[PDB]
Structure formats: C-alpha cells, structure tokens
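Asks: The following block contains the structure, expressed as structure tokens.
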Amino acid sequence: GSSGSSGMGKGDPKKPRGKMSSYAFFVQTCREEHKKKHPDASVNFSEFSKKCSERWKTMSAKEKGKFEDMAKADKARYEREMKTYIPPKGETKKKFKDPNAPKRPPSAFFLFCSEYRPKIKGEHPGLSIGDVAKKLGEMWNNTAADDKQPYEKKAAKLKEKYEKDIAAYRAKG
C-alpha cells in the first residue's frame, strides 16, 4: 500500500522486500567495478559512501540514464515475489459499485454460486438469501480449479464487453 520507504531497513520476511533505486544500485555499481581495478586496495566503506553521493550528482544525465533504466527493471522483477506472497485484507472503499464507471461483469465464483443458489436455496428453505450466499463462499474455495474451467472461460468472454465500455470512461489515448 503505497509503501513509502523501501530497501534494506527493518520489517518482516512475509513481505518480499528488495527494491533499490538508481542510486542504491549505482553506489554498488561502482564498488563492484572497483574490486576489479584494485583487488588488494585498502578502500574504505565510508570514504566510498560520501563519494558516491557527490559522484552520483556530478554524473551527467546520460550517465544516470543507464542507472535509471537498470533500476526500473528491478521494480518489475521485484514484484514477481509479491505474487507468491498473499497479504491480509485492507481495501478502502474499493471494488465498489459506481454509477460513473461501467459495471463489472460476474466471475466464475459468481457464476457458480449463482447457479447453485437456486439449487441449495430450494433444498434448504431455512436458510436465507444472505446465509445461502455466505455458504457458497467456502464451497468455491474448495472447488477444484478444473471445475472452474467453464465458469472461468465463459466469464472471460463477458469481460470483453466491459473492457470495451471502460475503454471510453478513461479515454486514455
């Protein structure tokens, strides 16, 4: 969530941290290259630090360019981790309905719970529109991916309609 800071600091293993910027990378790009020029060199970490600072600013835009293109490349490869990681729930008035924006079509889960609602609802009268649905919340989770083959494939088609409508809402061209 708009994680302000980023990089070596303090936190937990859960969240895949490891995002470095142009500098963070440049500072290590000069030190590594040095070890090659002077292996038995008595270079200091501090002296090499203050240097990278004024050394990074002095560097002409062109010099920074590469450092920038290489840095951004990481901001992407780093996300790969987040994918494997699943954070808690903390959405703020998101995925909500809006009259201005185009309504989003149903999904596999909705197609299943919707096609099952009229099935279980009749078998179990005691339940109610509310509960009945709350009961499908787990049914889907258990459902095997394969079983979601049709519920998914179909949905995909619908999405198109939305992707076509929204294409206007934003009008980014």
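One is the number of the first residue shown, and numbering goes on along the chain from there.
For this deposited structure, the header notes the method as solution NMR.
Just so you know, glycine gets a Cβ as well, placed from its N, Cα and C.
So Swiss-Prot says this about it:
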REGION    8-104  region 'Sufficient for interaction with HAVCR2'
REGION    10-22  region 'LPS binding (delipidated)'
MOD_RES   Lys10  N6-acetyllysine
MOD_RES   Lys14  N6-acetyllysine
MOD_RES   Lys15  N6-acetyllysine
DNA_BIND  16-86  DNA-binding region
MOD_RES   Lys19  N6-acetyllysine
DISULFID  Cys30-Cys52  disulfide bond
MOD_RES   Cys30  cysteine sulfonic acid (-SO3H)
MOTIF     34-50  motif 'Nuclear localization signal (NLS) 1'
MOD_RES   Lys35  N6-acetyllysine
MOD_RES   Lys36  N6-acetyllysine
MOD_RES   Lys37  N6-acetyllysine
MOD_RES   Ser42  phosphoserine
MOD_RES   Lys50  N6-acetyllysine
MOD_RES   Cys52  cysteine sulfonic acid (-SO3H)
REGION    83-102  region 'Disordered'
REGION    87-103  region 'LPS binding (Lipid A)'
COMPBIAS  90-101  compositional bias 'Basic and acidic residues'
REGION    96-115  region 'Cytokine-stimulating activity'
MOD_RES   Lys97  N6-acetyllysine
DNA_BIND  102-170  DNA-binding region
MOD_RES   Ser107  phosphoserine
MOD_RES   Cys113  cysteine sulfonic acid (-SO3H)
MOD_RES   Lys134  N6-acetyllysine
MOD_RES   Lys135  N6-acetyllysine
MOD_RES   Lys148  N6-acetyllysine
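Can you walk me through where each of these features ends up in the structure?
Replies: When the region 'Sufficient for interaction with HAVCR2' (8-104) is classified with DSSP, helix, strand and coil residues number 53 helix, 0 strand, 44 coil.
Using a Cβ-Cβ cut-off under 8 Å and counting only residues 6 or more beyond its ends in the same chain, the region 'LPS binding (delipidated)' (10-22) has close neighbours at 64, 67-68, 70-71, 74-75, 78, 81-82, 84-85, 87.
Cβ neighbour count for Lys10 (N6-acetyllysine): 6 (other Cβ atoms within 10 Å of its Cβ, all protein chains included).
Other Cβ atoms within 10 Å of the Cβ of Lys14 (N6-acetyllysine), summed over all protein chains shown, number 10.
Its Cβ taken as reference, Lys15 (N6-acetyllysine) is surrounded by 12 other Cβ atoms within 10 Å in the chains shown.
A sphere of 10 angstroms centred on the C-beta of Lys19 (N6-acetyllysine) encloses 17 other C-beta atoms.
There are 13 other CB atoms within 10 A of the CB of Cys30 (disulfide bond), with all protein chains counted.
Beyond the ends of the motif 'Nuclear localization signal (NLS) 1' (34-50), by six or more residues, the same chain brings 27 to within a C-beta distance below 8 angstroms of the stretch.
Note: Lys35 (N6-acetyllysine) has non-local neighbours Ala41, i.e. same-chain residues 6+ apart with C-beta under 8 A of its own C-beta.
The Cβ of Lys36 (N6-acetyllysine) has 7 neighbouring Cβ atoms from other residues within 10 Å, across all protein chains displayed.
A simple way to gauge crowding: the CB of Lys37 (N6-acetyllysine) has 8 other CB atoms within 10 angstroms, across all the protein chains here.
In the shown protein chains, 6 other C-beta atoms lie within 10 A of the C-beta of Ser42 (phosphoserine).
Long-range Cβ contacts of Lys50 (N6-acetyllysine) within its own chain (separation 6+, distance under 8 Å) are none.
In sequence order, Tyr23, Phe26, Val27, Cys30 make up the list of same-chain residues 6 or more apart from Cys52 (disulfide bond) whose Cβ falls under 8 Å from its Cβ.
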Asks: Six or more residues out from either end of the region 'Disordered' (83-102), which same-chain residues have a Cβ under 8 Å from its Cβ atoms?
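Replies: Cβ under 8 Å, 6 or more out: 1, 14-16, 162, 165-166, 169.
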Asks: What does DSSP assign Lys135 (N6-acetyllysine), in three states?
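Replies: DSSP call for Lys135 (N6-acetyllysine): helix.
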Asks: Would you mind pulling the DSSP three-state label for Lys148 (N6-acetyllysine)?
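Replies: DSSP call for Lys148 (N6-acetyllysine): helix.
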